[PDB]
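S.K.: Got a structure here, written out as structure tokens. Questions coming.
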Amino acid sequence: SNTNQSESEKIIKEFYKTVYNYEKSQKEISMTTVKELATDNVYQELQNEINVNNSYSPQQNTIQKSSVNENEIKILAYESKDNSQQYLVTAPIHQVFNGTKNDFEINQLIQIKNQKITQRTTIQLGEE
């Protein structure tokens with residue numbers, strides 16, 4: 001409705017909750033939703049990660065389970081406001097790869113503009 005940290009949160013939360021919540025194919029999450037939560041640039045990169053994630057080649061596919069809790073998404077409001085709104089985002093992605101567990105926490109900074117994500121960029125602290 002306007003912009004605020006928590007308004008920004010919800011957009012990021014939905015972005016992540018949508019994209020990192022599927023059963024086997026990340027394609028089923030509805031690419032329209034990301035288009036609403038994020039700009040074309042972040043939309044286009046995302047759909048591309050989705051594509052290669054699901055389909056590496058006709059000779060390679062495997063079960064991938066990804067799921068994330070929206071309020072387990074730690075969004076550290078980054079204050080600077082570089083004309084845009086910088087929000088540091090860190091969220092664990094509960095994955096299972098062909099029955100094998102993988103649980104890691106991705107951290108990316110997300111920039112919010114126009115009630116959307118206008119840019120996201122992966123960051124790293126150390127191991128993650």
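Ordering of the structure tokens sets the chain letters (A, B, ...); residue numbers start at 1 within each chain; ligands are numbered from 1 in the order shown.
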As an NGL selection string, list the residues of segment 16-125 of chain A assigned to strand (DSSP E or B) by DSSP on the backbone atoms of this structure.

M.R.: :A and (22 or 38 or 57 or 60 or 64-67 or 74-77 or 85-97 or 100-113 or 116-122)

S.K.: Please provide as JSON, numbers by chain all residues within 10 Å of residue 71 of chain A, with the sequence filter that same-chain residues fewer than 4 positions apart are discarded (counting only C-alpha atoms).

M.R.: {"A": [9, 10, 13, 17, 75, 91]}

S.K.: Considering only C-alpha atoms, can you say which of A:90, A:122, A:48, A:84 comes closest to residue 12 of chain A?

M.R.: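 Going through A:90, A:122, A:48, A:84 one by one, the smallest distance to residue 12 of chain A is for A:90.
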
S.K.: Closest to residue 98 of chain A among A:8, A:42, A:65, A:23, using only C-alpha atoms?

M.R.: A:65

S.K.: Closest to residue 68 of chain A among A:115, A:95, A:100, A:32, using only C-alpha atoms?

M.R.: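 Ranking A:115, A:95, A:100, A:32 by distance to residue 68 of chain A, first place goes to A:95.
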
S.K.: Would you work out the distance separating atom CA of residue 20 of chain A from atom CA of residue 41 of chain A, expressed in Å to one decimal?

M.R.: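 These two atoms are separated by 18.2 Å.
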
S.K.: In Å, how far is it from atom CA of residue 108 of chain A to atom CA of residue 28 of chain A?

M.R.: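 Rounded to one decimal, the two atoms are 23.1 Å apart.
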
S.K.: Excluding segment 51-56 of chain A and any residue of its chain fewer than 5 positions from it, enumerate the residues within 8 Å of it, using only C-alpha atoms, and give them as a ChimeraX atom specification.

M.R.: /A:25-27,61

S.K.: With N, CA, C and O atoms retained, export the selected residues as a PDB file, in the first residue's frame.

M.R.:
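Contents of selection32.pdb, freshly written:
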```pdb
ATOM      1  N   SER A  25       9.297 -29.949  -9.366  1.00  0.00           N
ATOM      2  CA  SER A  25       9.673 -28.970 -10.348  1.00  0.00           C
ATOM      3  C   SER A  25       9.364 -27.548  -9.873  1.00  0.00           C
ATOM      4  O   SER A  25       8.270 -27.260  -9.387  1.00  0.00           O
ATOM      5  N   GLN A  26      10.364 -26.671  -9.974  1.00  0.00           N
ATOM      6  CA  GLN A  26      10.251 -25.289  -9.556  1.00  0.00           C
ATOM      7  C   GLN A  26       9.389 -24.482 -10.555  1.00  0.00           C
ATOM      8  O   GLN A  26       9.078 -23.342 -10.334  1.00  0.00           O
ATOM      9  N   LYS A  27       9.044 -25.105 -11.671  1.00  0.00           N
ATOM     10  CA  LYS A  27       8.223 -24.476 -12.711  1.00  0.00           C
ATOM     11  C   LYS A  27       6.759 -24.300 -12.269  1.00  0.00           C
ATOM     12  O   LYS A  27       6.098 -23.328 -12.666  1.00  0.00           O
ATOM     13  N   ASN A  61      17.787 -35.597 -14.738  1.00  0.00           N
ATOM     14  CA  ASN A  61      16.726 -35.119 -13.914  1.00  0.00           C
ATOM     15  C   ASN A  61      16.787 -35.913 -12.626  1.00  0.00           C
ATOM     16  O   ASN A  61      17.286 -37.039 -12.625  1.00  0.00           O
TER      17      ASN A  61
END
```

S.K.: Identify which of the residues A:89, A:38, A:19, A:96 lies closest to residue 64 of chain A, counting only C-alpha atoms when measuring atom-to-atom distances.

M.R.: A:96

S.K.: From the set A:18, A:67, A:121, A:80, which residue has the shortest atom-to-atom contact distance to residue 33 of chain A, counting only C-alpha atoms?

M.R.: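 Of A:18, A:67, A:121, A:80, the one nearest residue 33 of chain A is A:18, counting only C-alpha atoms.
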
S.K.: Quick one: distance from atom CA of residue 72 of chain A to atom CA of residue 45 of chain A in Å, one decimal?

M.R.: 23.6 Å

S.K.: Hey, what's within 8 Å of residue 78 of chain A if we count only C-alpha atoms and toss same-chain stuff fewer than 3 positions away? As a ChimeraX atom specification, please?

M.R.: /A:81,85-88

S.K.: Let me see the file: selected residues, N, CA and C atoms, as an mmCIF file, in the first residue's frame.

M.R.:
```cif
data_model
loop_
_atom_site.group_PDB
_atom_site.id
_atom_site.type_symbol
_atom_site.label_atom_id
_atom_site.label_comp_id
_atom_site.auth_asym_id
_atom_site.auth_seq_id
_atom_site.Cartn_x
_atom_site.Cartn_y
_atom_site.Cartn_z
ATOM 1 N N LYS A 81 19.106 3.419 1.882
ATOM 2 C CA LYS A 81 18.159 3.858 0.901
ATOM 3 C C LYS A 81 18.825 4.593 -0.228
ATOM 4 N N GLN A 85 15.327 0.782 -1.987
ATOM 5 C CA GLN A 85 15.297 0.253 -0.660
ATOM 6 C C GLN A 85 16.061 -1.056 -0.605
ATOM 7 N N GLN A 86 17.149 -1.060 0.109
ATOM 8 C CA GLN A 86 17.975 -2.216 0.261
ATOM 9 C C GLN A 86 17.518 -3.017 1.492
ATOM 10 N N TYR A 87 17.305 -4.287 1.303
ATOM 11 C CA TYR A 87 16.910 -5.199 2.350
ATOM 12 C C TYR A 87 17.765 -6.422 2.265
ATOM 13 N N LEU A 88 18.385 -6.767 3.336
ATOM 14 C CA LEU A 88 19.232 -7.906 3.364
ATOM 15 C C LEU A 88 18.361 -9.091 3.686
#
```

S.K.: Would you please extract all helix (DSSP H, G or I) residues from segment 43-107 of chain A, as assigned by DSSP on the backbone, and give them as a ChimeraX atom specification?

M.R.: /A:43-54
